[PDB]
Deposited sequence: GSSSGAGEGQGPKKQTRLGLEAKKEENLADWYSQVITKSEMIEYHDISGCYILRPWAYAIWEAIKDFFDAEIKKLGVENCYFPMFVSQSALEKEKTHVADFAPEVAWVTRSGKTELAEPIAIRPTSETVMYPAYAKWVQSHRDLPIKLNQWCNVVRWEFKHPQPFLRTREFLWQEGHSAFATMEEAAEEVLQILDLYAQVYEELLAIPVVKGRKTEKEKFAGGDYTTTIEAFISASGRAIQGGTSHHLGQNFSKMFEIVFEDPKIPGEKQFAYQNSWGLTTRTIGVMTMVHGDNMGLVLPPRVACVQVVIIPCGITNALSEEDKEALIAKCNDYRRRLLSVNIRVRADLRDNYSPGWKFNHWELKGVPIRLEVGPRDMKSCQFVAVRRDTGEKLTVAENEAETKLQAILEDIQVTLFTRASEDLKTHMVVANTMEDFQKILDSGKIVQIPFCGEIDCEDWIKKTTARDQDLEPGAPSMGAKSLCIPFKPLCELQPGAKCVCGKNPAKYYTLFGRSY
């Protein structure tokens, strides 16, 4: 790895993702191969998220990837927003299909006619379904692996309710889980918030979101979303039920949908990645500790060196640490050091003959570079500590970054200045589509746009305060965006 993060980011990213063996390029643009090293991160995100939504009563399922023209261009607004970026299938082999079929950009239009069939009374609710699948949004903006791709893996949850109370409860429950994924697993702090009128999910009542900041970009990125759809969809798809306690009055279901994707891995790369390459937080790292023999003159002494590598491995397995021992003899110690640094392994455990004699090993923390000489009988205690402290450090540094590039401005002039150093700004705002488009026009002379309206904003808004422009309604976090 030659390229440096501080100067050229695009070249750095492309080198980091390929040399870590996370990503290979495909001949179709906007499409990327997720290799084992990347896919394992997603698998850890899944193991956690799945277990958590199961407690909330959600069940896993699989719906078809194809939507009919009828199901789609039946209902407006939602379909109106996605329409341009929907990939259409128009032939099998040489045979033109009589009716074009669409690839899923999201599964509302696929799921809800099935929900309408399954809802026939109050006791068929709630319906709480999730799926792990691929989705396609065939946009032409500059793609980047993980962050911005045409095909991507996600989960999508869709729940339908008798009462608004249960639905509103679920939206926030889910949004906290998405925040838990970013802060606990990936050591990325997030701003919980609400989307503006312009940015909200097309058909829905409201949209909650977690935002994260990428230092080197000077840009922010939506990292997860939880919608309340209200009854907008239940009315369009006739998901209705009678309740004999409200005679005759048809009750349209209350709905949420929620989504999280492999963008999660890209954000991780952007935040914690350095000039040595990938940096894995221990909690998602599929290899937490890599054991490497050094000094490798007798056959018996090399055998014993290998054995001490295996002892360290088994001990680490016993305190629930994910450990590989690179005992391959085709490559030098120095080659392996660089190989596993690039891949982002939290801890490299060096074992040489002189250190065996001394009853020590070297633990090399990937975040700090910290060469630490550790006593042999403390491996478990100290590795754990370093591991959990690597997590805490990565979170601390990224938090410190966040409350450094997230600041408050009250006027258009002071918004403009702060913004062009690579920062994100909470400004007083009136929430108008017109007022938001104008901001984008002016702020570009790479235009800036809104991110979220935070649940815990930095300041309270003054009684009678004018929007950075009609009076304001809330502080709205704005910025340059992915």
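- Message: Ranges lacking C-alpha coordinates, please, mapped onto the deposited sequence and listed in sequence order.
- Response: In the chain as deposited, 1 to 19, 316 to 318, 468 to 477, 502 to 503 carry no coordinates.
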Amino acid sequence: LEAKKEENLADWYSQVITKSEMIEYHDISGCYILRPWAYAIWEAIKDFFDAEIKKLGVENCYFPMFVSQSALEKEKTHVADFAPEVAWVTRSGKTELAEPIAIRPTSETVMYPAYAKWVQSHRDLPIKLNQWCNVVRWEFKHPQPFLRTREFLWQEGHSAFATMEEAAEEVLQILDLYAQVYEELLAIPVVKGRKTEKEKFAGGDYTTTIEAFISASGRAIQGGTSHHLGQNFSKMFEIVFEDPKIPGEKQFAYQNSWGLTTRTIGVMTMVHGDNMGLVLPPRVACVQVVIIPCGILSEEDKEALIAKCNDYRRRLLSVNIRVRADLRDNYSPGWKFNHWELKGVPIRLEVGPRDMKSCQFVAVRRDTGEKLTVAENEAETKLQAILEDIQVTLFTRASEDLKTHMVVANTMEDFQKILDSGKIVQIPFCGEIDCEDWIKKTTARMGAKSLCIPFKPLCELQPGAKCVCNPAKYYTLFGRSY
From here on, numbers count along this sequence of modelled residues.
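What we label the rigid core is the largest C-alpha set whose atoms superpose within 1.5 Å from one form to the other.
- Item | Farther-lying stretch by C-alpha RMS in 9 other deposited structures of this protein (rigid core fit) among 235 to 243, 257 to 265 | Farther from the shown form on average in 9 other deposited structures of this protein: 235 to 243.
- Query: So which moves more in 9 other deposited structures of this protein by CA, 27 to 35 or 66 to 74, given a superposition on the core?
  - Reply: With the rigid core superposed, the C-alphas that lie farther in 9 other deposited structures of this protein are those of 66 to 74.
- When the C-alpha temperature factors are averaged for each of 206 to 214 and 154 to 162, which stretch ends up with the higher value in the entry? On average, C-alpha B-factors are higher across 206 to 214.
- Using the B-factors recorded in the PDB entry, average over the C-alpha atoms of 20 to 28 and of 5 to 13, then report which stretch comes out higher. Averaging CA B-factors over each stretch, the winner is 5 to 13.
- Query: Based on the PDB record, which member of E341, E139, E238, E249 exhibits the highest Cα temperature factor?
  - Reply: Of the options given, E249 has the highest CA B-factor in the PDB entry.
- Looking at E75, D124, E170, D311, which has the highest CA B-factor as recorded? Among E75, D124, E170, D311, the highest C-alpha B-factor in the entry belongs to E75.
- Query: Lowest, middle or highest third: where is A44 by C-alpha B factor in its chain?
  - Reply: According to the entry, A44 has a C-alpha B-factor in the chain's lowest third.
- Message: Considering every modelled residue of the chain and its Cα B-factor in the PDB entry, is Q255 in the lowest, middle or highest third?
- Response: For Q255, the deposited C-alpha B-factor lands in the lowest third.
- Just say lowest, middle or highest third for the CA B-factor of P282 relative to the other modelled residues in its chain. Lowest third, going by the recorded CA B-factors of the chain.
- Just say lowest, middle or highest third for the CA B-factor of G223 relative to the other modelled residues in its chain. Middle third by C-alpha B-factor.
- Taking the entry's C-alpha B-factors for this chain, is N60 in the lowest, middle or highest third? Answer is lowest: the recorded C-alpha B-factor places it there.
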